[PDB]
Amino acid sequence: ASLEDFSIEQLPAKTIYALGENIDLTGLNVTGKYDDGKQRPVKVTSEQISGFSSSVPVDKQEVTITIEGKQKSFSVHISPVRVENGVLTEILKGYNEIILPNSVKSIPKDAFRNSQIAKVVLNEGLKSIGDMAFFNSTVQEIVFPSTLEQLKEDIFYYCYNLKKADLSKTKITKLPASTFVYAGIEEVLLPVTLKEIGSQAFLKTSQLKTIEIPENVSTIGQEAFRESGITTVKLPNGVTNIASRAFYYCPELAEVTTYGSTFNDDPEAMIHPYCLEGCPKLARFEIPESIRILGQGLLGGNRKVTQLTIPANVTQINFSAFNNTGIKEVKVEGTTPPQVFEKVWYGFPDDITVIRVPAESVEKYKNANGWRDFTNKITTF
């Protein structure tokens, strides 16, 4: 009935510790093999443990289990951070890479402000990141966890070396205002839970090559992609609010395309004024199916977009919406002409070639306010 050997069946759930944290054996499962032929679970306590210490940072620390003179080891990692009541309260200086312990529930405001770190691996269990958390940090790479649900503003503001932000597995519902202003991000992946992009979130992201807006986003904040380096944009059809100057002065923006079957019935749904003004390379522009109103000067100054389709949901086109453009051919899909509330519309260019509308609606369009200004250019699909 003497112990002959023992096996570590399951390691403790916590193997990444903050400085000054005691070991936690929850989840540790040890099986003992005895001289009477029986295998039994063995209760492991502090009395059977040696080699644990969270006094200094250690990449790989060997923790030994001793039972009846027999020994087996497992590794822990001591991170150069302090955590109080789930809050990351301190970060030691001079560490190029930090792996957050399992105990971090929140990162407070300015935690990594002006940090010289290269890489941060955020932990499973992390729920929120506070204001300016990585403001003007030299951080090059961040591993985000599936439990991240809340963000405050200006987190990666001035993060010139942050090449990528993969948030696709997080649960965030809002990307706050000014998240990546002047950041060096080349690519950003957003989760299915995302509903809105805050104001100036990608302001002056000169290296951001593209953007794919995920399926459940309804709102794109004011000047969200102003002066970004984005070459292409993908929008779900369920987008209802594209705020003013959202893609303002994007010098490399070549196309804005829509996708999917998402649809939101919202009477305020609108592409707000001067949304894609100052985009000279824009040559393909598509409107999401959920849009109800087309604001003023949406493509102001552009000459490369020659074709435009007005989706069937559009019920209103505002003053001088598309007149200062190179649009030659328009397809209006609605059987009821979009309403014009202006006496002088300036809706489309005087140099337009054709407006194609449903065959059964040609007379309605020819006699409708605004649309009647282009009666000579109105024909069927």
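All residue numbers are counted from 1 along the displayed sequence.
A.B. asks: Averaging CA B factors per stretch from the PDB record, which one is higher: 188 to 196 or 93 to 101?
C.D. replies: So the stretch with the higher mean C-alpha B-factor is 93 to 101.
A.B. asks: Where do the C-alpha atoms have the higher mean temperature factor in this entry, in 324 to 332 or in 36 to 44?
C.D. replies: Here the higher of the two C-alpha B-factor means belongs to 36 to 44.
A.B. asks: Would you mind finding, among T219, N216, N264, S244, the residue with the largest C-alpha temperature factor in the entry?
C.D. replies: Of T219, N216, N264, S244, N264 has the highest C-alpha B-factor.
A.B. asks: Where does the C-alpha B-factor of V83 rank in its chain, lowest, middle or highest third?
C.D. replies: Middle third.
A.B. asks: Is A118 in the lowest, middle or highest third of its chain when residues are ranked by C-alpha B-factor?
C.D. replies: Its C-alpha B-factor, which the entry lists for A118, ranks in the highest third among residues of this chain.
A.B. asks: Ranked by Cα temperature factor within the chain, is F52 in the lowest third, the middle third or the highest third?
C.D. replies: Bottom third by C-alpha B-factor.
A.B. asks: By the recorded C-alpha temperature factor, relative to the other modelled residues in its chain, which third is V344 in?
C.D. replies: Ranked within chain, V344 CA B lands in the highest tercile.
A.B. asks: Compare the C-alpha B factor of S106 with those of the other modelled residues in its chain, then answer lowest, middle or highest third.
C.D. replies: Within its chain, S106 is a middle-third residue by C-alpha B-factor, going by the deposited values.
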